[PDB]
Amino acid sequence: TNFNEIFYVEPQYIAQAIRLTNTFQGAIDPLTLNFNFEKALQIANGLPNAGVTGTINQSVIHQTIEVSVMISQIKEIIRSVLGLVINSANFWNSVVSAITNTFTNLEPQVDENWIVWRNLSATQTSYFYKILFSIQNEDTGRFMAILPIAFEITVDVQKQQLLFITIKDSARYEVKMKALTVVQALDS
């Protein structure tokens, strides 16, 4: 499992979520453990009864920014990439918690499979961070939505300090985002 998996589905649909999450493991490079956008799109293309409702594959932050402001920006990007309107405050809570844990609370996550440390110099830290949402509720109707998200994050903070960075801190971030939303007809 190379993704931080976040299931927001009814229990009766957990099977489908597991299947689709398993399927997207195939987009992980075996060596770098980066997320491969092209491969994720190939995988999406092969799925039955499915369509892609949004994608992104580009840099989304490249500046000095407060971590909270960055998180808010990425929430709005996720809103766009979803290509579905989910009204649930709790769903959006799940999303924002996951985005927050991409940049903060890194100390407890240091050895988790979903984070990949790369450059760890005196002047810079870079890492990959991967999240996978499965989503099914009233606003997905007859469908489940699957949203794999990978970030490539470079920040001008040395690792030891980054492990304790908070939403109120600022630093110079370079963040590349690769994501797609695929919807598949529910599971009978």
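For every residue, the number given is its place in the sequence shown, counted from 1.
Relative to its counterpart among 31-39 and 124-132, 31-39 has the higher mean temperature factor, C-alpha atoms as listed in the PDB entry. The PDB entry reports B-factors from which the mean C-alpha value can be compared for 50-58 and 22-30; the larger average falls on 22-30. The entry lists a Cα temperature factor for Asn87 that places it in the middle third of the chain's modelled residues. Among all modelled residues in this chain, the alpha-carbon of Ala145 has a temperature factor (C-alpha) in the lowest third. In the PDB entry, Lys75 places in the lowest third of its chain by CA B-factor. Ranked against the other modelled residues of its chain, the C-alpha B-factor of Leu180 as given in the entry falls in the lowest third. In this PDB entry, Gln160 carries a Cα temperature factor that places it within the highest third of its chain's modelled residues.
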